[PDB]
There are 4 protein chains.
Amino acid sequence: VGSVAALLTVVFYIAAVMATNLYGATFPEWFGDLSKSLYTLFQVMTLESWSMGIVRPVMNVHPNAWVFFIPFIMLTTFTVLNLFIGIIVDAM
Amino acid sequence: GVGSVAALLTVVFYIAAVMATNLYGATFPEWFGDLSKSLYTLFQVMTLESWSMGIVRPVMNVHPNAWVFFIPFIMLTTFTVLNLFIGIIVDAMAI
Amino acid sequence: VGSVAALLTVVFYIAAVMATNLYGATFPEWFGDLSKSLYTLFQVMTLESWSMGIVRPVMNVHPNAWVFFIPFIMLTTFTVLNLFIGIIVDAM
Amino acid sequence: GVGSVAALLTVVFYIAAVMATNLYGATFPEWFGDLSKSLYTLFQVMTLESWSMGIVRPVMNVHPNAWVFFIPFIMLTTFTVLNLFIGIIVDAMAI
Ligand SMILES: CCCCCCCCCC(=O)N(CCO)C[C@@H](O)[C@@H](O)[C@@H](O)[C@@H](O)CO
Ligand SMILES: CCCCCCCCCC(=O)N(CCO)C[C@@H](O)[C@@H](O)[C@@H](O)[C@@H](O)CO
Ligand code: NA
Ligand code: NA
Ligand code: NA
C-alpha cells in the first residue's frame with residue numbers, strides 16, 4: 001500500500017517531467033511547466049476529456065503522442081484501482 | 001460501518017458545498033451561486049464528468065489554486081463512494 | 001445475477017418511459033421516443049456528458065430534473081457494479 | 001485465466017477495429033479511416049470518454065443503428081477490462 005502510493009508518485013513525477021519536455025513548447029496551457037503537466041496528467045488519469053480534449057489536439061502536432069498517454073492510462077488507472085483495493089483489504 | 005461511511009460522505013458533501021459556495025459563488029454563480037448549485041456541481045465533479053475542462057480549468061483562470069480544493073475533494077469522495085458501494089455488496093453477501 | 005439483470009432491465013424501461021413523458025416534448029433529440037430515451041439513459045448511466053451535455057440543458061427548462069437523474073445514476077451505477085461483481089464471483 | 005482474458009480482449013479489439021474501419025471509415029475518416037485510427041477510437045470509447053456526444057451521436061446521424069455496434073462493444077470490453085484487472089490483483093495476492 002505505502003509502496004504502491006510511492007510507485008504512483010514516482011511514475012507521476014517522471015511522466016510529468018517527460019510530458020513538460022515533449023509537449024511544453026507546443027501545448028503550454030497543458031504542459032508548459034511541471035505543475036501544469038502534473039494537473040493535466042491527473043485529469044488524464046481520471047479519464048476526463050483525455051482524448052477529445054487533450055490527446056487528439058496533441059496528436060495533431062505529435063502523431064505518436066498516443067505511445068505516451070495510452071500506456072500512461074493503462075499503468076496509472078490499474079495502480080490507482082490496485083491502491084484503493086489495497087486500502088480497503090488492509091483495513092478489513 | 002456502511003451507515004457511518006454514508007454519514008461521513010453526507011457531512012463532507014455539505015462542508016465542501018458550504019466552502020465552495022463561499023470560495024467560487026461570486027465569481028462562478030451558475031455552478032456555485034447557492035448551496036444547492038454547489039451540491040449539484042460537487043456531485044458532478046465527484047462522478048468526474050467535465051470536472052477539469054468544464055469546471056476546474058475555467059475556475060482556475062480566476063482562482064489559480066482552485067486545484068487545492070477540487071483534487072483533494074475528488075480523491076476523498078471517489079474513494080469513499082467506492083468503499084461504500086463495496087461495503088454494501090460485502091455485507092449483503094455475508095447476510 | 002439473473003434477477004439483478006432483470007431488475008436493471010425493468011428500471012431501464014420504467015425510467016425511459018418516465019423520461020419520454022417528462023422531457024420528450026421539450027428535448028426531442030434526447031427523449032423524443034422510448035428508443036431515444038433508452039439510448040440517453042444508457043449514456044447517462046455510463047456518466048458520459050451526463051451533466052454539462054444532458055442534465056444542465058434539461059434543468060434550464062425543468063429546474064428539478066436532478067430529482068430524476070441523480071437518483072437514476074445512484075441506482076443504475078450501483079446495480080451495474082453489483083451485477084458485474086456478481087458475474088465474476090459466481091464464475092470463480 | 002488472466003493471459004487468456006488479455007488474449008480475448010486483443011482479438012475482440014482487432015475484430016471490432018476491422019469492422020469499424022469498414023462500417024464508418026468512409027463517412028467518419030478522422031475516427032475510423034484506417035485500422036490504427038479505429039483502434040485508437042475504440043480504446044477511447046472503451047474508457048467511455050466522449051463515447052456518445054463526441055463519437056456515437058455524430059456517427060448515428062449518418063448510420064442510425066451505429067448503437068448496435070458500440071453499446072455491445074462497451075458492454076463486452078468494459079466488463080472484460082474490469083474482469084482482467086481484478087484477475088491480476090487476485091492472482092498477485094494469492095502468490
Ligand atoms: C496526484 C497528484 C496531482 C497533483 C496536481 C498538482 C497540480 C498543481 C497545479 C498548479 O499549481 N498550477 C498549474 C495549474 O494547471 C499552477 C498555478 O495554478 C499556481 O499554483 C501557481 O501560479 C502558483 O500559485 C504556484 O505557487
Ligand atoms: C442497456 C440497454 C440500452 C439500450 C439502448 C437502445 C438504443 C436504441 C436507439 C435507437 O434505436 N434509436 C434512437 C437513437 O438515439 C432509433 C434509431 O437510431 C433507429 O434505430 C430507428 O430509426 C429505426 O432503425 C428503428 O427500427
Ligand atoms: Na468514468
Ligand atoms: Na468519464
Ligand atoms: Na466529457
# chains A, B, ... in the order shown; residues from 1 in each chain; ligands from 1
>>> residues_around(residues="segment 65-81 of chain A", least_positions_apart="6", cutoff="9 Å", atoms="only C-alpha atoms", output="PyMOL selection string")
(chain A and resi 4-5+7-8+11-12+15+19+22-23+41+44-47+50+55-56+58-59) or (chain D and resi 40+43+85)
>>> write_last_selection(atoms="N, CA, C and O atoms", output="CSV table (one decimal), in the first residue's frame")
chain,number,residue,atom,x,y,z
A,4,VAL,N,3.0,1.1,-3.0
A,4,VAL,CA,2.1,1.3,-4.2
A,4,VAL,C,1.9,2.8,-4.4
A,4,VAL,O,2.1,3.3,-5.6
A,5,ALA,N,1.6,3.6,-3.3
A,5,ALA,CA,1.4,5.0,-3.3
A,5,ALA,C,2.8,5.7,-3.7
A,5,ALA,O,2.8,6.8,-4.4
A,7,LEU,N,5.2,4.2,-5.6
A,7,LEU,CA,5.4,3.9,-7.0
A,7,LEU,C,4.6,4.9,-7.9
A,7,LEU,O,5.2,5.4,-8.9
A,8,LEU,N,3.4,5.2,-7.5
A,8,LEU,CA,2.5,6.1,-8.2
A,8,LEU,C,3.0,7.5,-8.3
A,8,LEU,O,3.0,8.1,-9.3
A,11,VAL,N,6.1,7.6,-10.7
A,11,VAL,CA,5.6,7.5,-12.1
A,11,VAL,C,4.9,8.8,-12.5
A,11,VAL,O,5.2,9.3,-13.6
A,12,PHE,N,4.2,9.5,-11.5
A,12,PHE,CA,3.6,10.7,-11.8
A,12,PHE,C,4.5,11.9,-12.0
A,12,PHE,O,4.3,12.7,-12.9
A,15,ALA,N,6.6,11.0,-15.5
A,15,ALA,CA,5.7,11.2,-16.6
A,15,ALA,C,5.5,12.7,-16.9
A,15,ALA,O,5.5,13.1,-18.0
A,19,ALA,N,6.5,14.7,-20.1
A,19,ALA,CA,5.4,15.5,-20.8
A,19,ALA,C,5.8,17.0,-20.9
A,19,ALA,O,5.6,17.5,-22.1
A,22,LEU,N,8.3,17.0,-23.8
A,22,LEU,CA,7.7,16.6,-25.0
A,22,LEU,C,6.7,17.6,-25.6
A,22,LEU,O,6.9,18.0,-26.8
A,23,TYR,N,5.7,18.0,-24.8
A,23,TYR,CA,4.6,18.9,-25.3
A,23,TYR,C,4.5,20.3,-24.7
A,23,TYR,O,3.6,21.0,-25.1
A,41,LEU,N,-1.9,15.5,-16.3
A,41,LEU,CA,-1.8,14.0,-16.1
A,41,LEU,C,-2.8,13.5,-15.1
A,41,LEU,O,-3.2,12.3,-15.2
A,44,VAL,N,-6.0,13.4,-17.0
A,44,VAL,CA,-5.9,12.3,-18.0
A,44,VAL,C,-6.1,11.0,-17.2
A,44,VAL,O,-6.8,10.1,-17.7
A,45,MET,N,-5.5,10.8,-16.0
A,45,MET,CA,-5.6,9.6,-15.2
A,45,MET,C,-7.1,9.4,-14.8
A,45,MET,O,-7.5,8.2,-14.9
A,46,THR,N,-7.9,10.4,-14.5
A,46,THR,CA,-9.3,10.3,-14.1
A,46,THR,C,-10.2,10.0,-15.3
A,46,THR,O,-11.3,9.6,-15.2
A,47,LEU,N,-9.6,10.1,-16.6
A,47,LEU,CA,-10.1,9.9,-17.9
A,47,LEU,C,-10.9,11.1,-18.5
A,47,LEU,O,-11.5,10.9,-19.5
A,50,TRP,N,-9.7,13.0,-21.9
A,50,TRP,CA,-8.3,12.6,-22.2
A,50,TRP,C,-8.0,12.6,-23.7
A,50,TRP,O,-7.0,13.1,-24.1
A,55,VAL,N,-5.4,14.5,-25.9
A,55,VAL,CA,-4.6,13.7,-26.8
A,55,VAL,C,-4.9,13.9,-28.3
A,55,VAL,O,-3.9,14.2,-29.0
A,56,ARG,N,-6.1,14.0,-28.8
A,56,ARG,CA,-6.4,14.3,-30.2
A,56,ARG,C,-5.8,15.7,-30.6
A,56,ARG,O,-5.0,15.7,-31.5
A,58,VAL,N,-3.2,17.1,-29.1
A,58,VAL,CA,-1.8,16.9,-29.1
A,58,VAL,C,-1.2,16.0,-30.2
A,58,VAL,O,-0.2,16.3,-30.8
A,59,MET,N,-2.0,15.0,-30.7
A,59,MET,CA,-1.6,14.2,-31.8
A,59,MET,C,-1.6,14.9,-33.1
A,59,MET,O,-0.9,14.5,-34.0
D,40,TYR,N,-7.5,3.4,-32.0
D,40,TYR,CA,-7.4,4.5,-31.1
D,40,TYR,C,-8.8,4.9,-30.6
D,40,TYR,O,-9.0,5.2,-29.4
D,43,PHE,N,-10.4,2.4,-28.3
D,43,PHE,CA,-9.8,2.5,-26.9
D,43,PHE,C,-10.4,3.6,-26.1
D,43,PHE,O,-10.7,3.4,-24.9
D,85,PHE,N,-8.4,-6.8,-14.8
D,85,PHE,CA,-7.7,-6.0,-13.7
D,85,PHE,C,-7.9,-6.6,-12.3
D,85,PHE,O,-7.0,-6.7,-11.6
>>> interface_residues(of="chain B", to="chain D", cutoff="12 Å", atoms="only C-alpha atoms", output="number ranges by chain")
B: 48-50
>>> interface_residues(of="chain A", to="chain B", cutoff="12 Å", atoms="only C-alpha atoms", output="ChimeraX atom specification")
/A:29-30,35-36,38-50,52-54,80-81,83-89,91-92
>>> residues_around(residues="segment 20-22 of chain B", least_positions_apart="3", cutoff="12 Å", atoms="only C-alpha atoms", output="PyMOL selection string")
chain B and resi 12-17+25-42+56+59+63+66+68-70+73
>>> write_last_selection(atoms="N, CA, C and O atoms", output="compact mmCIF listing (two decimals), in the first residue's frame")
# COMPACT_ATOMS: atom_id res chain seq x y z
N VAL B 12 -19.09 15.59 4.62
CA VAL B 12 -18.07 16.05 3.68
C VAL B 12 -18.72 16.80 2.51
O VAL B 12 -18.24 17.87 2.13
N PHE B 13 -19.84 16.27 1.97
CA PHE B 13 -20.57 16.89 0.87
C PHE B 13 -21.15 18.25 1.24
O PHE B 13 -21.10 19.17 0.44
N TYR B 14 -21.69 18.38 2.46
CA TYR B 14 -22.25 19.65 2.92
C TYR B 14 -21.20 20.68 3.26
O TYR B 14 -21.35 21.85 2.88
N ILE B 15 -20.10 20.25 3.94
CA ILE B 15 -18.96 21.10 4.31
C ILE B 15 -18.31 21.66 3.05
O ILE B 15 -18.07 22.86 2.98
N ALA B 16 -18.04 20.77 2.06
CA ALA B 16 -17.40 21.13 0.79
C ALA B 16 -18.25 22.10 -0.01
O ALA B 16 -17.71 23.05 -0.57
N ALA B 17 -19.60 21.88 -0.04
CA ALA B 17 -20.56 22.73 -0.75
C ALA B 17 -20.73 24.06 -0.05
O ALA B 17 -20.98 25.05 -0.73
N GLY B 25 -18.66 31.25 -5.42
CA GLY B 25 -20.03 31.69 -5.63
C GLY B 25 -20.19 33.01 -6.35
O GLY B 25 -21.08 33.13 -7.19
N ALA B 26 -19.38 34.01 -6.00
CA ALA B 26 -19.49 35.34 -6.59
C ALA B 26 -18.90 35.41 -7.99
O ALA B 26 -19.38 36.17 -8.83
N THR B 27 -17.85 34.62 -8.23
CA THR B 27 -17.12 34.58 -9.49
C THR B 27 -17.77 33.62 -10.51
O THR B 27 -17.85 33.94 -11.70
N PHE B 28 -18.24 32.44 -10.02
CA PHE B 28 -18.88 31.38 -10.81
C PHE B 28 -20.32 31.11 -10.25
O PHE B 28 -20.54 30.08 -9.60
N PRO B 29 -21.30 32.05 -10.44
CA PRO B 29 -22.63 31.84 -9.85
C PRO B 29 -23.52 30.73 -10.43
O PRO B 29 -24.36 30.22 -9.69
N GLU B 30 -23.35 30.34 -11.72
CA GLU B 30 -24.15 29.26 -12.34
C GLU B 30 -23.82 27.92 -11.72
O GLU B 30 -24.71 27.08 -11.64
N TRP B 31 -22.56 27.74 -11.26
CA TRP B 31 -22.07 26.50 -10.67
C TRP B 31 -22.02 26.49 -9.16
O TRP B 31 -22.18 25.41 -8.58
N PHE B 32 -21.72 27.64 -8.50
CA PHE B 32 -21.56 27.68 -7.04
C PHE B 32 -22.29 28.86 -6.34
O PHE B 32 -21.98 29.18 -5.20
N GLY B 33 -23.27 29.44 -7.03
CA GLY B 33 -24.07 30.59 -6.57
C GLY B 33 -24.80 30.43 -5.25
O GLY B 33 -24.87 31.38 -4.49
N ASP B 34 -25.36 29.26 -5.00
CA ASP B 34 -26.05 28.92 -3.76
C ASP B 34 -25.65 27.52 -3.33
O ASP B 34 -25.05 26.81 -4.13
N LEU B 35 -25.95 27.10 -2.07
CA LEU B 35 -25.60 25.77 -1.55
C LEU B 35 -26.09 24.62 -2.46
O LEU B 35 -25.33 23.68 -2.70
N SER B 36 -27.31 24.77 -3.02
CA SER B 36 -27.97 23.84 -3.95
C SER B 36 -27.16 23.67 -5.24
O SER B 36 -26.87 22.54 -5.64
N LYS B 37 -26.78 24.81 -5.88
CA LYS B 37 -25.98 24.81 -7.11
C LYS B 37 -24.65 24.15 -6.85
O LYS B 37 -24.22 23.35 -7.68
N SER B 38 -24.04 24.43 -5.67
CA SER B 38 -22.77 23.87 -5.19
C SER B 38 -22.86 22.34 -5.00
O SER B 38 -22.00 21.62 -5.51
N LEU B 39 -23.91 21.84 -4.30
CA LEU B 39 -24.14 20.41 -4.06
C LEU B 39 -24.31 19.63 -5.38
O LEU B 39 -23.87 18.47 -5.48
N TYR B 40 -24.92 20.28 -6.40
CA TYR B 40 -25.11 19.68 -7.72
C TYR B 40 -23.76 19.58 -8.47
O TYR B 40 -23.47 18.53 -9.05
N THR B 41 -22.96 20.68 -8.45
CA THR B 41 -21.66 20.75 -9.11
C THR B 41 -20.69 19.76 -8.48
O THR B 41 -20.06 19.00 -9.21
N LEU B 42 -20.61 19.70 -7.15
CA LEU B 42 -19.75 18.74 -6.46
C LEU B 42 -20.17 17.28 -6.70
O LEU B 42 -19.29 16.41 -6.73
N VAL B 56 -13.07 23.02 -13.26
CA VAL B 56 -11.82 23.41 -12.63
C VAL B 56 -10.92 24.33 -13.47
O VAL B 56 -10.56 25.39 -12.97
N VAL B 59 -12.53 27.65 -13.51
CA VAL B 59 -12.41 28.19 -12.15
C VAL B 59 -10.98 28.63 -11.82
O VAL B 59 -10.79 29.68 -11.20
N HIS B 63 -9.14 31.79 -9.94
CA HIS B 63 -8.53 31.31 -8.70
C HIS B 63 -7.47 30.26 -9.02
O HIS B 63 -7.78 29.07 -9.00
N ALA B 66 -7.44 26.79 -7.12
CA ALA B 66 -8.70 26.03 -7.04
C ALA B 66 -8.50 24.51 -6.98
O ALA B 66 -9.30 23.82 -6.34
N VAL B 68 -6.38 22.89 -5.19
CA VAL B 68 -6.12 22.50 -3.79
C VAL B 68 -7.44 22.08 -3.12
O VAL B 68 -7.42 21.34 -2.13
N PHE B 69 -8.58 22.55 -3.66
CA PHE B 69 -9.89 22.19 -3.13
C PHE B 69 -10.44 20.97 -3.88
O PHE B 69 -10.80 19.98 -3.25
N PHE B 70 -10.51 21.05 -5.22
CA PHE B 70 -11.09 20.02 -6.06
C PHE B 70 -10.34 18.71 -6.11
O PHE B 70 -10.98 17.69 -5.92
N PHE B 73 -10.80 16.90 -2.97
CA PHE B 73 -12.23 16.57 -2.89
C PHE B 73 -12.51 15.28 -3.68
O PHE B 73 -13.21 14.40 -3.17
>>> closest_atom_pairs(of="chain B", to="ligand 1", cutoff="7 Å", atoms="only C-alpha atoms and all ligand atoms", output="Markdown table")
| residue | atom | partner | partner_atom_place_in_ligand_line | distance |
| --- | --- | --- | --- | --- |
| B:60 | CA | ligand 1 | 18 (O) | 6.5 |
| B:64 | CA | ligand 1 | 18 (O) | 4.0 |
| B:65 | CA | ligand 1 | 18 (O) | 5.0 |
| B:67 | CA | ligand 1 | 7 (C) | 6.2 |
>>> select_by_dssp(residues="segment 6-74 of chain A", states="helix (DSSP H, G or I)", output="ChimeraX atom specification")
/A:6-23,28-31,34-46,50-59,66-74
>>> closest_residue(among="D:81, D:88, D:75, D:55", to="ligand 5", atoms="only C-alpha atoms and all ligand atoms")
D:55
>>> atom_distance(atom1="atom CA of residue 37 of chain C", atom2="atom CA of residue 46 of chain D")
21.8 Å
>>> closest_residue(among="B:23, B:47, B:10, B:2", to="ligand 3", atoms="only C-alpha atoms and all ligand atoms")
B:47
>>> atom_distance(atom1="atom CA of residue 45 of chain D", atom2="atom 1 (Na, counted along the ligand's line) of ligand 5")
11.6 Å
